[PDB]
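Here Cβ is always computed from backbone atoms with ideal geometry, including for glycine, and neighbour counts include all displayed protein chains. Basis: the model, the stated rules and, where named, an outside source; no laboratory read-out is quoted.
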Amino acid sequence: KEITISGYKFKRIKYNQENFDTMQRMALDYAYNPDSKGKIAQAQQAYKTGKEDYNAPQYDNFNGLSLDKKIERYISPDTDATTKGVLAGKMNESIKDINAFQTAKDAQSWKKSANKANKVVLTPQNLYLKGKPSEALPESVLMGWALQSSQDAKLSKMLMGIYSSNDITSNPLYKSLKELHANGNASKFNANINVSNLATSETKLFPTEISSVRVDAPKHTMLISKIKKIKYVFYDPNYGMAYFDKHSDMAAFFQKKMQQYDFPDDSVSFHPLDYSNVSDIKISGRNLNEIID
């Protein structure tokens, strides 16, 4: 009925799942394609025009309709390309709420799957990035420093708080993530271990009692860390952070999650992070501490 992710409540939306799925499949066909031509291109142009002018008064009759009714009209063949675009425009906030509730449910399931963790902090980036492209690389690098400096709880809250932005491109943390992402800025933190043998490679993976390893995967970045009581932490920017008392439990969980992603073993690699020069490295004039502040 309701799911709370790090202080934010996500409400279950009532809708016909089958009709919703039909609409989503159709929406992929109406998305703008520079390669399309002729009649398909015309339908795409008309759909986009309606979607951006979705409060055109000649469609006011749709304003009184329930979500399920709007979806039924969208998927019906007697609505033309323009009208479908308008309907997508009018449904856009509802569709975002539906997607957010599903992401929250996915995050709760991820937390439940971490049954040997002593703590899980959920910060699913798809919730707070508002459909913007993934920022998993700078999130992982920044959280590595947060974890080594006892600022991980603060940074988790700051990341999730981006969900509250009314202008994400003017949010200072998001802007810093985009900047840390680029120009090999992230590579400035670069200092025989694979997914199968991770559980038996603790003292090799983490040379020091406080260290972090960047995980590179297909179009994704994650992080594993050892922090001093000692905690072993897996941070997946798509979900959050799972804290374990035992390295072998953290590694078993990480391996289960890689198989869940269906990443081949040779596509997942491990890269030591070094924060020895974190005082000197400036991202748009801000060090990593100032970004976390």
Inset, instruction - Write out, first by first residue and then by second, each pair whose Cβ atoms fall under 7 Å of each other, whose residues are 6+ apart or on separate chains, and whose first residue, in the range 106-123, is within 23 Å of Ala146 (Cβ to Cβ) while the second is assigned to a strand (DSSP E or B) and among the small types (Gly, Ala, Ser). - result: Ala107/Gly240; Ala114/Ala242; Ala117/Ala242; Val120/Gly240; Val120/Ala242; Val121/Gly240; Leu122/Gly240; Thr123/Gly240
Legend entry - Single residue of the range 59-80 satisfying the filter (under 20 Å from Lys14 (Cβ atoms) and among the aromatic types (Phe, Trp, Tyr)) that is surrounded by the most Cβ atoms within 10 Å (Cβ to Cβ): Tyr74
Inset, instruction - Identify the residue in the range 228-251 that is buried (at least 16 other Cβ atoms within 10 Å of the Cβ) and among the hydrophobic types (A, V, I, L, M, F, W, C) and, among all such residues, is nearest to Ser196 (Cα to Cα). - result: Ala251
Inset, instruction - Identify, from the list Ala56, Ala107, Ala117, the residue that is out of contact with any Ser or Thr (no Cβ under 6 Å at 6 or more places or on another chain), exposed (fewer than 15 other Cβ atoms within 10 Å of the Cβ) and among the hydrophobic types (A, V, I, L, M, F, W, C). - result: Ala56
Inset, instruction - Please indicate, with yes or no, whether at least one residue in the range 49-67 is assigned to a helix (DSSP H, G or I) and closer than 30 Å to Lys257 by Cβ. - result: no
Legend entry - Residue that is touching a strand residue (DSSP E or B) at 6+ places or on another chain (Cβ under 8 Å) and either over 28 Å from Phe244 (Cβ atoms) or surrounded by fewer than 20 Cβ atoms within 10 Å (Cβ to Cβ) (or both), where the choices are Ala182, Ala153: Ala153
Legend entry - Any hit, the range 49-64, residues being in contact with an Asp or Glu (Cβ under 7 Å, 6 or more places away or on another chain) and either in the same structural domain as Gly240 (by TED's automatic domain parsing) or over 21 Å from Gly131 (Cα atoms) (or both): no
Inset, instruction - Give the residue that is nearest to the chain's Cα centre (by Cα), with candidates limited to residues of the range 185-208 that are loosely packed, with under 15 Cβ neighbours inside 10 Å and part of a helix (DSSP H, G or I). - result: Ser187
Legend entry - Leading residue by the ranking (farthest from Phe10 (Cα to Cα)) among those in the range 81-104 that are surrounded by fewer than 18 Cβ atoms within 10 Å (Cβ to Cβ) and over 16 Å from the mean Cα position of the chain (by Cα): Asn92
Inset, instruction - Can you tell me which residue among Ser211, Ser176 is surrounded by 18 or more Cβ atoms within 10 Å (Cβ to Cβ), under 16 Å from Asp152 (Cβ atoms) and polar (S, T, N, Q)? - result: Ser211
